[PDB]
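Just coords_24.pdb here, PDB, N, CA and C atoms:
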```pdb
ATOM      1  N   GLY A   1     118.975  81.634 129.466  1.00  0.00           N
ATOM      2  CA  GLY A   1     118.434  82.920 129.978  1.00  0.00           C
ATOM      3  C   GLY A   1     117.907  83.788 128.857  1.00  0.00           C
ATOM      4  N   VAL A   2     118.009  85.103 129.010  1.00  0.00           N
ATOM      5  CA  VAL A   2     117.537  86.021 127.985  1.00  0.00           C
ATOM      6  C   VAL A   2     118.638  87.005 127.611  1.00  0.00           C
ATOM      7  N   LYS A   3     119.852  86.468 127.447  1.00  0.00           N
ATOM      8  CA  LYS A   3     121.044  87.251 127.089  1.00  0.00           C
ATOM      9  C   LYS A   3     121.509  88.112 128.264  1.00  0.00           C
ATOM     10  N   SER A   4     120.591  88.874 128.836  1.00  0.00           N
ATOM     11  CA  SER A   4     120.875  89.717 129.994  1.00  0.00           C
ATOM     12  C   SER A   4     121.071  88.861 131.245  1.00  0.00           C
ATOM     13  N   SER A   5     120.980  87.560 131.045  1.00  0.00           N
ATOM     14  CA  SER A   5     121.126  86.580 132.101  1.00  0.00           C
ATOM     15  C   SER A   5     121.518  85.270 131.464  1.00  0.00           C
ATOM     16  N   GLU A   6     122.453  85.370 130.537  1.00  0.00           N
ATOM     17  CA  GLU A   6     122.901  84.220 129.784  1.00  0.00           C
ATOM     18  C   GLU A   6     124.200  84.529 129.048  1.00  0.00           C
ATOM     19  N   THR A   7     124.240  85.677 128.387  1.00  0.00           N
ATOM     20  CA  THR A   7     125.421  86.087 127.647  1.00  0.00           C
ATOM     21  C   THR A   7     126.609  86.298 128.580  1.00  0.00           C
ATOM     22  N   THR A   8     126.407  87.106 129.611  1.00  0.00           N
ATOM     23  CA  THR A   8     127.455  87.374 130.586  1.00  0.00           C
ATOM     24  C   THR A   8     127.837  86.084 131.314  1.00  0.00           C
ATOM     25  N   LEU A   9     126.856  85.205 131.480  1.00  0.00           N
ATOM     26  CA  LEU A   9     127.066  83.917 132.128  1.00  0.00           C
ATOM     27  C   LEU A   9     128.034  83.074 131.315  1.00  0.00           C
ATOM     28  N   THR A  10     127.760  82.978 130.022  1.00  0.00           N
ATOM     29  CA  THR A  10     128.598  82.218 129.112  1.00  0.00           C
ATOM     30  C   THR A  10     129.983  82.851 128.999  1.00  0.00           C
ATOM     31  N   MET A  11     130.045  84.152 129.231  1.00  0.00           N
ATOM     32  CA  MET A  11     131.295  84.882 129.157  1.00  0.00           C
ATOM     33  C   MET A  11     132.185  84.568 130.346  1.00  0.00           C
ATOM     34  N   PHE A  12     131.592  84.495 131.527  1.00  0.00           N
ATOM     35  CA  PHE A  12     132.359  84.209 132.720  1.00  0.00           C
ATOM     36  C   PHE A  12     132.777  82.750 132.738  1.00  0.00           C
ATOM     37  N   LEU A  13     131.882  81.874 132.292  1.00  0.00           N
ATOM     38  CA  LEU A  13     132.182  80.459 132.286  1.00  0.00           C
ATOM     39  C   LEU A  13     133.244  80.153 131.244  1.00  0.00           C
ATOM     40  N   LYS A  14     133.224  80.900 130.144  1.00  0.00           N
ATOM     41  CA  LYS A  14     134.198  80.721 129.078  1.00  0.00           C
ATOM     42  C   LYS A  14     135.617  80.842 129.620  1.00  0.00           C
ATOM     43  N   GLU A  15     135.851  81.881 130.409  1.00  0.00           N
ATOM     44  CA  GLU A  15     137.169  82.130 130.974  1.00  0.00           C
ATOM     45  C   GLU A  15     137.551  81.056 131.984  1.00  0.00           C
ATOM     46  N   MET A  16     136.632  80.754 132.890  1.00  0.00           N
ATOM     47  CA  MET A  16     136.871  79.749 133.924  1.00  0.00           C
ATOM     48  C   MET A  16     137.156  78.380 133.317  1.00  0.00           C
ATOM     49  N   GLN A  17     136.393  78.022 132.297  1.00  0.00           N
ATOM     50  CA  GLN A  17     136.562  76.738 131.629  1.00  0.00           C
ATOM     51  C   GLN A  17     137.880  76.686 130.868  1.00  0.00           C
ATOM     52  N   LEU A  18     138.230  77.781 130.207  1.00  0.00           N
ATOM     53  CA  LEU A  18     139.483  77.845 129.465  1.00  0.00           C
ATOM     54  C   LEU A  18     140.671  77.754 130.416  1.00  0.00           C
ATOM     55  N   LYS A  19     140.526  78.349 131.592  1.00  0.00           N
ATOM     56  CA  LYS A  19     141.590  78.335 132.586  1.00  0.00           C
ATOM     57  C   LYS A  19     141.466  77.133 133.521  1.00  0.00           C
ATOM     58  N   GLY A  20     140.638  76.163 133.149  1.00  0.00           N
ATOM     59  CA  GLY A  20     140.467  74.988 133.983  1.00  0.00           C
ATOM     60  C   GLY A  20     140.131  73.749 133.179  1.00  0.00           C
ATOM     61  N   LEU A  21     140.643  73.686 131.956  1.00  0.00           N
ATOM     62  CA  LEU A  21     140.411  72.537 131.087  1.00  0.00           C
ATOM     63  C   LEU A  21     141.566  71.511 131.134  1.00  0.00           C
ATOM     64  N   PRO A  22     142.860  71.937 131.219  1.00  0.00           N
ATOM     65  CA  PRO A  22     143.977  70.998 131.262  1.00  0.00           C
ATOM     66  C   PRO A  22     144.322  70.563 132.686  1.00  0.00           C
TER
END
```

Before anything else, please render the file you have as structure tokens.
Amino acid sequence: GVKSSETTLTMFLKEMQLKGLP
């Protein structure tokens, strides 16, 4: 995206992925 549609995306996925990796 263009940060305004990519940064927040990576931020939300970061949490979900961290809480759904094991």

I need the residues in chain A that are alpha helix (DSSP H) according to DSSP; give them as a PyMOL selection string. chain A and resi 7-18

Using only the atoms of region 12-18 of chain A listed in the file, plus 4 Å on each side, state the axis-aligned box centre and edge lengths in Å rounded to one decimal, as JSON.
```
{"center_x": 136.1, "center_y": 80.6, "center_z": 131.5, "size_x": 17.1, "size_y": 15.8, "size_z": 12.8}
```

Would you work out the distance separating atom N of residue 2 (chain A) from atom N of residue 22 (chain A), expressed in Å to one decimal?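 These atoms are spaced 28.2 Å apart.
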
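For the atom pair formed by CA of residue 1 (chain A) and CA of residue 14 (chain A), the distance is 15.9 Å, given to one decimal.
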
Between atom N of residue 21 (chain A) and atom N of residue 9 (chain A), measure the distance and give it in Å to one decimal. 18.0 Å
